[PDB]
Structure formats: structure tokens, C-alpha cells
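In what follows, a structure is listed as C-alpha cells, so that the remarks can point back to it.
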Amino acid sequence: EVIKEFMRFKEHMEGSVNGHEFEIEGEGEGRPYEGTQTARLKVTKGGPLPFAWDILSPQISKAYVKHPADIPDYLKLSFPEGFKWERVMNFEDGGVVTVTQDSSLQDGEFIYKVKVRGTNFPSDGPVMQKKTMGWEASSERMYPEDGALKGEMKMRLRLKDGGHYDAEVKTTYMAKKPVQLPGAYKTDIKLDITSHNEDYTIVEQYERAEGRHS
């Protein structure tokens, strides 16, 4: 099995949000079959970012999702060649983020290259004013469509006040080879920011994700 019980990953991310270009580098580790992983990220160009780290955190690793034997693990199956994914997040206040990502396995570690583009975030909104406080746990509705695996969910960002700031999220995951698509199911995901410096140029995150029948 190319996917071992413990796998590391290296990530490079670049993009722009509201005219602000940046680049991030990261390294992480986890247990793919247990659906858990952690990573250390740092802003290498464009820091400090003028917008919430939270909009980038979900873009920073689906080979780490625990699946029951009866649900084909399409994304793990795609390795070592890997898969690509594209996503759109439509925030309740008009903000939008689109992402394109490439994932592969080289010399025993996962390699991720991400491009993130955010725009139309109000200057006085929670994103640009950095008033968000991490994500509530999410449940992604997964289903095969058009020979791809799709995921859809409404994600909720906690607000400094106490409210929430929502986004409707749509993602298409496409294996590089036609490995077995699963039937419809759900993936429960919880992402936490476990550490960060004050201006978020240095950040760590943890994520647990698990697929189950719907």
C-alpha cells in the first residue's frame, strides 16, 4: 500500500484575497486511516495577511479521512498519482473564495499545491476585520456525479461576538485515474487552530474527519 498508517505531507499555497497576494508553506503529519492530521504553516510572502486565517484553513487534505470498509475510499485509492479538487465558498456577505488544488504522493509523502482566490469581502466584514473564531464542526454531503466525487456543505465560522458567519461550500474531487467512486455518504469534519502567533504568520492546525453512511 503506498498509503502507510503514518504519512507526512508538504504543502505550497499561493493566491490572493481582495487584491492581496501571498504564499504559504507548510508541513504536516497524520494517520490516514484514522482520519487525523496536524500541520505547521507559515506565511512566506505577503505577510502579515490582512484577512482572517480562517478562510484559508479548510484549503490547507482528504487522503486523511477514516472510511468504513464498505465505502470506497476514492481519494486514498487515487494514490500515488493522486487527484485534484476545485471548490467554491459563497459567504453570506458576498465574499467568495474559489480554489484549485493538486495532490500527489512522491517518495513516500503527499505533495499539495494549492491556489486560492478570494474577492468581494466587505472591508468592514468579519473576514477583513479578522473577527472570526474558527469553524464549527461540519458535515460534508458526499456523492458521485459526472464521474467525479462531489461534496457540499454549509460551514459556520464562529464570530468574536458570539454569532456565526456562514458559507455555502461546493467541492469537486477528481482522481487522476478512474478509481472506484463511492455511493452517497457523509464526512464529519472538525478543524481546529491549535496554535498561532499574533499576526498569524505562523500557525498550526489539527483536523479529524470520518466518513459514515447518511
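By convention here, the chains of the C-alpha cells are called A, B, ... in the order presented, each chain's residues are numbered starting at 1, and ligands are numbered starting at 1 in the order presented.
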Each residue of stretch 50-79 of chain A lying at most 8 Å from stretch 21-41 of chain A should get a row with its shortest atom-to-atom pair and the distance in Å to one decimal, counting only C-alpha atoms; could you produce that, ordered by chain and increasing number, as a tab-separated table?
residue	atom	partner	partner_atom	distance
A:63	CA	A:32	CA	6.1
A:64	CA	A:32	CA	4.0
A:65	CA	A:35	CA	3.9
A:66	CA	A:35	CA	4.3
A:67	CA	A:33	CA	7.2
Query raised in the report: Which residues come within 6 Å of stretch 104-121 of chain A, counting only C-alpha atoms, excluding same-chain residues fewer than 6 positions away, as a count of residues only?
Result: 18
Query raised in the report: Would you give me, as number ranges by chain, the residues in stretch 18-160 of chain A that DSSP reads as strand (DSSP E)?
Result: A: 20-31, 36-45, 83-91, 96-106, 109-119, 132-135, 138-145, 148-159
Requested in this report: Compile the contact shell of residue A:162 as a PyMOL selection string: residues with an atom at most 12 Å away, counting only C-alpha atoms, same-chain residues fewer than 3 positions apart removed.
Outcome: chain A and resi 131-134+156-159+165
Kindly save the residues from that selection, with C-alpha atoms included, as a short mmCIF file (atom, residue, chain, number, x, y, z; two decimals), in the first residue's frame.
data_model
loop_
_atom_site.label_atom_id
_atom_site.label_comp_id
_atom_site.auth_asym_id
_atom_site.auth_seq_id
_atom_site.Cartn_x
_atom_site.Cartn_y
_atom_site.Cartn_z
CA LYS A 131 -13.24 38.87 13.86
CA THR A 132 -13.67 35.17 13.14
CA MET A 133 -13.02 32.44 15.71
CA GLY A 134 -12.52 29.08 13.97
CA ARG A 156 -20.14 28.09 10.00
CA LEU A 157 -17.42 30.44 11.21
CA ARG A 158 -17.69 31.44 14.85
CA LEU A 159 -17.86 35.24 15.37
CA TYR A 165 -20.76 33.91 9.70
#
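Of the residues under consideration (A:42, A:4, A:20, A:164), A:42 shows the shortest atom-to-atom contact distance to residue A:200 when counting only C-alpha atoms.
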**Report entry** Those of stretch 5-196 of chain A in DSSP alpha helix (DSSP H), formatted as a VMD selection string
**Finding:** chain A and resid 74 to 77
**Report entry** Spatial neighbours of residue A:73, 10 Å, only C-alpha atoms, chain gap at least 3 places, as JSON, numbers by chain
**Finding:** {"A": [33, 62, 63, 65, 66, 67, 68, 69, 70, 76, 77, 78, 179, 180, 181, 182, 211]}
Convert the current residue selection to file output with N, CA and C atoms, as a PDB file, in the first residue's frame.
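The new file part.pdb reads:
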ATOM      1  N   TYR A  33      -5.754   6.447   7.928  1.00  0.00           N
ATOM      2  CA  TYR A  33      -6.842   5.528   8.159  1.00  0.00           C
ATOM      3  C   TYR A  33      -7.638   5.878   9.393  1.00  0.00           C
ATOM      4  N   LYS A  62      -7.709  15.481   2.008  1.00  0.00           N
ATOM      5  CA  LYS A  62      -8.685  14.382   2.073  1.00  0.00           C
ATOM      6  C   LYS A  62      -8.199  12.962   2.017  1.00  0.00           C
ATOM      7  N   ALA A  63      -6.899  12.767   1.908  1.00  0.00           N
ATOM      8  CA  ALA A  63      -6.435  11.387   1.979  1.00  0.00           C
ATOM      9  C   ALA A  63      -6.535  11.029   3.468  1.00  0.00           C
ATOM     10  N   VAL A  65      -9.030  10.773   5.846  1.00  0.00           N
ATOM     11  CA  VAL A  65     -10.431  10.693   6.268  1.00  0.00           C
ATOM     12  C   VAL A  65     -10.666   9.215   6.542  1.00  0.00           C
ATOM     13  N   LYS A  66     -11.151   8.907   7.734  1.00  0.00           N
ATOM     14  CA  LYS A  66     -11.395   7.494   8.084  1.00  0.00           C
ATOM     15  C   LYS A  66     -12.672   7.046   7.370  1.00  0.00           C
ATOM     16  N   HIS A  67     -12.583   5.902   6.677  1.00  0.00           N
ATOM     17  CA  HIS A  67     -13.708   5.350   5.925  1.00  0.00           C
ATOM     18  C   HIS A  67     -13.947   3.920   6.357  1.00  0.00           C
ATOM     19  N   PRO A  68     -15.208   3.546   6.447  1.00  0.00           N
ATOM     20  CA  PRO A  68     -15.544   2.144   6.747  1.00  0.00           C
ATOM     21  C   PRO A  68     -15.222   1.355   5.485  1.00  0.00           C
ATOM     22  N   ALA A  69     -14.861   0.097   5.660  1.00  0.00           N
ATOM     23  CA  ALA A  69     -14.517  -0.776   4.533  1.00  0.00           C
ATOM     24  C   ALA A  69     -15.552  -0.805   3.430  1.00  0.00           C
ATOM     25  N   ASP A  70     -16.813  -0.570   3.777  1.00  0.00           N
ATOM     26  CA  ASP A  70     -17.879  -0.603   2.791  1.00  0.00           C
ATOM     27  C   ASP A  70     -18.083   0.646   1.961  1.00  0.00           C
ATOM     28  N   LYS A  76      -8.093   8.040  -1.304  1.00  0.00           N
ATOM     29  CA  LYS A  76      -6.892   7.252  -0.971  1.00  0.00           C
ATOM     30  C   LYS A  76      -6.582   6.356  -2.190  1.00  0.00           C
ATOM     31  N   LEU A  77      -7.626   5.798  -2.782  1.00  0.00           N
ATOM     32  CA  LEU A  77      -7.419   4.907  -3.916  1.00  0.00           C
ATOM     33  C   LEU A  77      -6.680   5.583  -5.057  1.00  0.00           C
ATOM     34  N   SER A  78      -6.851   6.881  -5.178  1.00  0.00           N
ATOM     35  CA  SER A  78      -6.224   7.562  -6.296  1.00  0.00           C
ATOM     36  C   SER A  78      -4.723   7.603  -6.244  1.00  0.00           C
ATOM     37  N   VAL A 179     -10.437   5.428 -10.474  1.00  0.00           N
ATOM     38  CA  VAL A 179     -10.584   4.525  -9.333  1.00  0.00           C
ATOM     39  C   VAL A 179     -12.051   4.581  -8.842  1.00  0.00           C
ATOM     40  N   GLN A 180     -12.448   3.594  -8.054  1.00  0.00           N
ATOM     41  CA  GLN A 180     -13.848   3.403  -7.704  1.00  0.00           C
ATOM     42  C   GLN A 180     -14.530   4.526  -7.016  1.00  0.00           C
ATOM     43  N   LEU A 181     -15.567   5.090  -7.619  1.00  0.00           N
ATOM     44  CA  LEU A 181     -16.334   6.139  -6.940  1.00  0.00           C
ATOM     45  C   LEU A 181     -17.232   5.492  -5.877  1.00  0.00           C
ATOM     46  N   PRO A 182     -17.480   6.191  -4.772  1.00  0.00           N
ATOM     47  CA  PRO A 182     -18.317   5.605  -3.745  1.00  0.00           C
ATOM     48  C   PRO A 182     -19.755   5.998  -4.049  1.00  0.00           C
ATOM     49  N   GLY A 211     -15.805   9.399   7.407  1.00  0.00           N
ATOM     50  CA  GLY A 211     -16.945   9.148   6.521  1.00  0.00           C
ATOM     51  C   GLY A 211     -17.882   8.112   7.175  1.00  0.00           C
TER      52      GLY A 211
END
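The residue that comes closest to residue A:192, out of A:75, A:174, A:137, A:43 and on the basis of only C-alpha atoms, is A:137.
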Report task. May I have the residues within 9 Å of residue A:188 as a VMD selection string, using only C-alpha atoms and disregarding those fewer than 5 positions away in the same chain? Result -> chain A and resid 137 to 141 208 to 212
